[PDB]
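Residue numbers (the authors' numbering), protein chains in the order written: chain B, 341 to 388; chain A, 389 to 437; chain C, 971 to 1019. Below is one structure, written out as structure tokens, with a few remarks after it.
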Amino acid sequence: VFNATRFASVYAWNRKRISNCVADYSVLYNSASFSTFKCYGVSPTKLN
Amino acid sequence: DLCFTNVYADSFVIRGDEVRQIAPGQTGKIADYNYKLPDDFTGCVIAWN
Amino acid sequence: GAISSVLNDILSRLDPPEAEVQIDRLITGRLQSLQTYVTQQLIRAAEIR
């Protein structure tokens, strides 16, 4: 989803489900490629 | 009128977007690596291009 | 009025400065739950006396 060649529109957004895996969020929050990272109901570092 | 004992005026430069990390209790590339403030911070911040 | 009743679900989920806002709601609620209990038993202790 992050490195996807194509995204959808807001008219119909792509809800890609994830399950049965290890979610290593370290390469997403610590990566210097996102101009915004806003964790509302959770801490961004506690996710790992 | 109100006054205090001491003050520690800091001095540095950052990008315009990175000023949002200059606040009590932030997180990012500055507050976790370069320059961090306390959650109970008291003072005034000023900047100019 | 908090996100959850369990503290570890707030400590292990949120940052300190955002948790204190939620933690304070549980304290103010649980403290009233005690004063209501102690104030009633003082009245029950007068009937028994």
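From the three backbone atoms N, C-alpha and C, an ideal C-beta is built for every residue, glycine too.
Within-8 Å CB hit, residue i to chain B
i	result
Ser974 (chain C)	no
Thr415 (chain A)	yes
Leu1001 (chain C)	no
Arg983 (chain C)	yes
Status (buried if at least 16 other CB within 10 Å, exposed otherwise) for residue i
i	result
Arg983 (chain C)	buried
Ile997 (chain C)	exposed
Nearest neighbour of residue i, chosen from the options [CA to CA]
i	options	result
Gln409 (chain A)	B:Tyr365, B:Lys378 and B:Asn343	B:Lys378
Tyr396 (chain A)	A:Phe429, A:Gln414 and A:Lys417	A:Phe429
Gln992 (chain C)	C:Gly971, C:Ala1015, C:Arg1019 and C:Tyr1007	C:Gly971
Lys424 (chain A)	A:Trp436, A:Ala411, A:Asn394 and A:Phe392	A:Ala411
Cβ of residue i within 8 Å of any chain C Cβ
i	result
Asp420 (chain A)	no
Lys378 (chain B)	no
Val382 (chain B)	yes
For residue i, the three-state DSSP class (helix, strand or coil)
i	result
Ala1016 (chain C)	helix
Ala989 (chain C)	helix
Presumed contact (8 Å Cβ cut-off) between residue i and residue j, rounded CB distance
i	j	result
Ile402 (chain A)	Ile418 (chain A)	7 Å
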